[PDB]
Structures are given as structure tokens and as C-alpha cells.
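Okay, structure first, notes after.
Protein chains in written order, with the UniProt record's numbering: chain A, 23 to 422; chain B, 56 to 89; chain C, 305 to 355.
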């Protein structure tokens with residue numbers, strides 16, 4: 023499941039290297055052999071289809087597909103349907119015998135969960151769900167309700183999905199506030215920090231994501247680098263430096279995995295080099311991070327410029343500041359970079375509503391100004407009497 | 056376009072990051088030229 | 305032990321690390337935690353211990 027959806031994501035994102043394409047489905051090629059992945063690997067092969075995912079032995083085979091590995095065979099189905107049936111048949115009478123013998127309940131639910139996991143291996147966003155229902159139907163335990171999480175987490179994030187599972191996560195979480203004791207809370211927070219990481223988490227669960235580590239990861243629903251990676255980035259890109267320089271300044275967590283995946287090396291690291299307030303070095307470390315981090319990984323791509331430019335803003339906002347003063351030149355020039363261009367997007371922060379920057383172009387000079395009490399007193403005030411006016415009419419719609 | 060991304064403000068713009076690097080090189084390359 | 309009183313006479317049996325490790329992973333489960341944590345090792349350190 024796990025690398026699937028990412029190796030999916032990997033090749034679905036393939037831009038940089040054929041490897042980006044190649045190496046992912048490479049496994050998936052072996053993995054659709056490993057598991058009968060076709061039924062979504064079907065639509066997975068229609069997922070990145072009509073980009074470079076255009077070469078399949080079922081869906082489409084196109085030269086403009088740089089990925090041929092998005093291919094099938096009908097044997098896969100034969101393989102599948104056999105495996106499928108085999109799985110099915112076995113569990114069927116098994117479950118049917120569990121039904122026959124009135125054998126256990128969770129034990130009935132047992133093969134159900136077994137029935138369930140296939141559709142993860144299979145890729146069926148299906149029976150497993152109904153199975154889960156008839157698993158959960160047989161659940162006398164939140165520990166089986168735990169499997170909802172497991173199920174739903176495998177559900178949503180086999181496709182890297184959204185809400186229902188999150189809602190299910192909400193649902194399955196809200197049920198027992200035992201939060202799987204300490205743990206499923208994490209699993210909750212994990213995928214919650216992932217659901218909400220679609221596309222956001224930003225300030226929100228990145229904390230939580232950072233908050234609990236290393237307390238879980240999943241294997242099939244996530245790796246440990248993953249959570250760390252993700253948790254770092256957003257939480258870093260978002261959260262309070264104090265926190266970050268309390269926490270991601272370093273954590274035994276980090277200290278453990280620092281450069282261990284090499285892959286990061288940057289996220290906080292070269293941002294700790296930002297957090298080392300270079301001018302340049304980080305400004306390369308950006309894309310040095312970006313393409314090594316954002317493009318590669320699921321949400322990390324789709325959100326994109328949220329980061330970019332926001333750390334790119336971040337570098338303006340707390341690091342370089344407005345700045346309250348100093349000729350833009352000494353910034354824009356004495357930092358050995360494009361005066362105008364840098365200044366432009368930098369100036370594009372003037373109306374971004376975030377700049378207390380006060381910026382001249384001619385004199386290449388920058389200033390600042392208190393933000394008074396504005397903050398968010400009435401500004402949003404409008405929204406709700408409106409949100410009432412919704413009701414207020416909706417009410418006035420009640421009537422008869 | 057999909058359903059729920061982070062939405063607003065707005066789509067921003069595009070071709071910046073590499074453009075930046077293209078310039079980050081050039082910038083630094085200009086700073087190499089410096 | 306006579307039937308009608310104790311009919312089906314069934315008898316428990318001591319456990320061990322695994323049972324402990326399980327029971328551990330059950331009670332450790334309960335309490336709030338942090339990873340890097342092998343319960344068996346604890347249950348291994350455990351001996352002459354019960355649920």
C-alpha cells in the first residue's frame with residue numbers, strides 16, 4: 023500500500039528524472055506482481071494517464087508516455103482474479119464457516135479484516151469497506167474499530183484521499199476518546215496530520231504531526247522518514263521559530279534520522295542554514311530543498327508555492343524582515359542577486375497584506391510601520407452576521 | 056479543479072521557483088560575476 | 305467438582321514473556337507512550353511476572 027501510493031505519486035509526478043517515473047513503478051511493476059494491484063492500478067494507470075502515464079497494456083499505450091511502466095497484462099487480472107477469487111473463496115466459506123459455526127465475532131470479523139486487507143493489496147476501494155462494515159458489525163472492540171482507522175487509512179491514502187476517511191478518522195476517533203490509548207491518537211494525528219495535510223495541515227496538524235514523533239508511523243500507511251520529513255517541513259515552514267528552534271533546532275528524533283535518509287539534509291537543516299540567516303546559501307537551499315522534497319512527496323508537491331514562496335516570504339518576514347530599513351540595494355545587491363527581480367516578488371509582498379514592508383524602487387529603500395490594532399477585530403466581523411444572514415434568510419426560509 | 060486545495064490568494068503565479076534558481080544561479084552567477 | 309456444580313472442569317495455565325509482552329503491549333498500550341520501544345524486551349526483563 024504505502025510506497026504504492028507514493029510510487030504512484032512518484033511517477034505521477036515524474037518531471038525531473040525518468041527515475042522519478044522509472045524507479046517508482048519499477049517496484050509497482052514488481053508490486054503489481056507482488057499484490058494484485060490492478061483494480062486501482064487500473065485507474066492508477068488511468069491516474070497519471072494522459073500525461074506520461076499513457077502507456078498501458080489495458081488503458082492506453084502512447085509514445086508521449088515517458089512511462090511505459092504504467093502498463094498491465096490481462097494475466098495480472100488472471101493472476102488477480104485467481105488471487106482475488108482465491109482470497110475471496112478462502113475467506114468466503116471461512117467467513118461463511120465463521121457464520122456457519124457462529125465462530126467468534128471478532129473472529130468472524132477476523133477473516134473480514136483479512137477480506138478487507140486484500141482490497142488494499144488489490145486496490146479495491148470496496149468490499150473491504152463493506153467488509154469493514156461487516157467487520158465493524160462484528161466488532162465488540164474499539165480494537166476492531168481501530169481497524170476502521172487501519173482500513174480507512176488504507177482506504178483514503180491508498181489513493182491519498184481526503185475527507186470521508188478523515189471524517190471516518192474523525193468518526194472512528196470520536197467514538198472512543200481512548201484515541202487507541204496513546205497510540206491511535208497518533209495514528210489519528212498522523213493521518214489527521216495527513217488528511218489535513220491535504221493540502222494544508224499548515225499551522226494545524228503539522229504541529230500534531232511534529233507533536234507525536236517518533237511515536238508511530240505505519241509501514242503500509244506511512245514510513246518513519248515520511249512523517250519526520252513531512253512533519254519537519256510544514257511545521258518548520260509554518261510553526262513558531264521558538265518552537266522550531268526549541269524543537270526542530272534539533273530533536274533526538276531529528277538527531278536519529280539526520281542525513282540518515284540524506285533526502286532531507288535541507289528541510290530544517292538547510293533551513294537551519296536559513297535559520298543561520300545566510301543571504302544566498304539558503305536561497306539555493308530553497309529549490310535544493312524544493313525539488314528534493316516538495317515535488318517528490320505527495321502533499322509536498324500539490325501545495326507547492328504555499329511553501330515557496332512563503333518561506334521565500336519567510337526569508338523576508340523574520341529573517342531579512344521588511345526590512346524596516348537599509349537601502350534595498352544592500353539587500354538586493356550586496357546579497358549578490360537580481361536587484362529588480364528579487365525586489366519584484368519581494369514587492370509582490372507589498373500588497374500581499376503580509377508586508378509591513380514599506381518599499382521604494384527608485385531609492386531601492388525599504389521601511390516598516392506598526393500594525394495598529396487592526397489584526398482581525400471587525401474585518402472578519404462581516405462574515406458571520408452574513409453567516410447569520412444565511413440563516414437569517416434560511417430562517418426566514420424556515421417559516422412554511 | 057479537484058475539490059479542496061488550500062484555495063485562495065489566489066492561484067498566485069507560476070514559473071518562479073526555478074526562475075528564482077535560474078536567477079539564483081544567475082544572481083550568484085552575477086555574484087560569481089561579482 | 306461434582307457435576308451440576310462444576311460441570312465442565314477447565315483449568316488455567318501460567319503465561320510467560322509473550323503473554324506478558326502481549327499483556328504488556330496491552331497495558332503499555334493503555335498508557336501514553338513514545339516509540340523506540342520493544343515491549344518484549346521489557347517482558348523479557350519481566351519474569352516471574354503476571355498480567
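For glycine and all other residues, C-beta sits at the position ideal for the given N, C-alpha and C.
Where does residue 163 of chain A fall in DSSP's three states?
It is coil, neither helix nor strand.
Can we say the stretch 334-345 of chain C touches the stretch 385-393 of chain A, given the rule of at least three CB pairs closer than 8 Å?
Fewer than three pairs of CB atoms, one per stretch, sit closer than 8 Å, so the stretch 334-345 of chain C makes no contact with the stretch 385-393 of chain A.
Could you tell me which whole beta strand (DSSP E) segments of length 3 or greater appear in the stretch 266-333 of chain A?
Considered as a whole, the stretch 266-333 of chain A harbours no complete run of any beta strand (DSSP E) with no fewer than 3 residues.
Tell me the rounded alpha-carbon separation between residue 80 of chain B and residue 334 of chain A.
Going by the C-alpha atoms only, they are around 16 Å apart.
Got a sec: which bits of the stretch 205-222 of chain A sit with their beta carbon under 9 Å from any beta carbon on chain B, in order along the chain?
Going along the stretch 205-222 of chain A in chain order, one finds 220, 221 and 222 with a Cβ nearer than 9 Å to chain B.
Residue 345 of chain A beta carbon less than 7 Å from that of residue 388 of chain A
Cβ atoms of residue 388 of chain A and residue 345 of chain A: closer than 7 Å.
Using Cβ-Cβ distances below 7 Å, what residues of the stretch 326-344 of chain A are close to chain B?
Under the 7 Å Cβ criterion, the stretch 326-344 of chain A contributes 327, 328, 330 and 331.
By how many angstroms is the C-alpha of residue 418 of chain A removed from the C-alpha of residue 412 of chain A?
Near 9 Å, if we compare the C-alpha coordinates of residue 418 of chain A and residue 412 of chain A.
Delimiting residues of the alpha helix (DSSP H) encompassing residue 73 of chain B:
Under the DSSP assignment, residue 73 of chain B falls in the alpha helix (DSSP H) whose first and last residues are 72-88.
Which residues, taken in chain order from the stretch 71-87 of chain B, show a beta carbon closer than 9 Å to some beta carbon of chain A?
Hits within the stretch, in order: 71, 72, 73, 74, 75, 76, 78, 79, 80, 81, 82, 83, 85, 86 and 87.
Please confirm if residue 56 of chain B has its CB atom under 7 Å from at least one CB of chain A.
With 7 Å as the cut-off, residue 56 of chain B does not count as an interface residue toward chain A.
Could you check where the alpha helix (DSSP H) with residue 347 of chain C kicks off and where it finishes?
343-349 is the span of the alpha helix (DSSP H), which, as asked, contains residue 347 of chain C.
Alpha helix (DSSP H) segment containing residue 142 of chain A, residue limits
Judged by DSSP secondary structure, residue 142 of chain A falls within the alpha helix (DSSP H) whose first and last residues are 128-144.
Identify the continuous alpha helix (DSSP H) that holds residue 210 of chain A and give its terminal residues.
Looking at the DSSP string, the run of the alpha helix (DSSP H) that includes residue 210 of chain A is 205-217.
List, in order along the chain, the chain C residues whose C-beta lies closer than 9 Å to that of residue 238 of chain A?
Result: 339.
Could you check the C-alpha separation between residue 30 of chain A and residue 410 of chain A for me, to the nearest Å?
Going from the Cα of residue 30 of chain A to the Cα of residue 410 of chain A covers about 44 Å.
Between the alpha carbons of residue 511 of chain A and residue 401 of chain A, how many angstroms are there, rounded?
Residue numbering for chain A in the displayed model covers 23 to 422; residue 511 of chain A lies beyond these limits and cannot be assessed.
Simplified DSSP state of residue 41 of chain A, which is helix, strand or coil:
Note: residue 41 of chain A maps to helix in three-state DSSP.
Between the stretch 202-217 of chain A and the stretch 231-244 of chain A, are three or more C-beta pairs nearer than 8 Å?
Yes: the two stretches touch, three or more of their Cβ pairs being nearer than 8 Å.
Proximity test, Cβ basis, 7 Å: residue 306 of chain A and chain B:
Using a Cβ-Cβ cut-off of 7 Å, residue 306 of chain A counts as an interface residue toward chain B, since at least one Cβ of chain B sits closer than that to its own.
Quick one: using the 10 Å Cβ neighbour count with 16 as the cut-off for buried, is residue 203 of chain A buried or exposed?
Buried, since its Cβ has 16 or more Cβ neighbours within 10 Å.
Could you tell me which of A:279, A:266, A:283 and A:284 sits nearest to residue 293 of chain A, measuring between CA atoms?
Per the C-alpha coordinates, the member of A:279, A:266, A:283 and A:284 positioned closest to residue 293 of chain A is A:266.
What distance in whole Å lies between the Cβ atoms of residue 215 of chain A and residue 180 of chain A, which are believed to be in contact at a cut-off of 8 Å?
So it is not a contact: roughly 18 Å between Cβ atoms.
Output needed in chain order: residues of the stretch 250-264 of chain A with a Cβ under 7 Å from some Cβ in chain B.
Listed by position along the chain: nothing, the set is empty.
Does the stretch 151-158 of chain A come into contact with the stretch 64-80 of chain A, if we say contact requires no fewer than three beta-carbon pairs (one atom in each stretch) closer than 8 Å?
Touching, no, given that fewer than three Cβ pairs across the two stretches are closer than 8 Å.
Residue-chain proximity (residue 313 of chain C, chain A), Cβ-Cβ < 7 Å:
It does not; no Cβ of chain A falls within 7 Å.
Residue 61 of chain A: first and last residue of the uninterrupted alpha helix (DSSP H) it sits in
Run containing residue 61 of chain A: 60-69, per the alpha helix (DSSP H) assignment.
Min CB distance residue 27 of chain A to chain B below 7 Å
So, not an interface residue.
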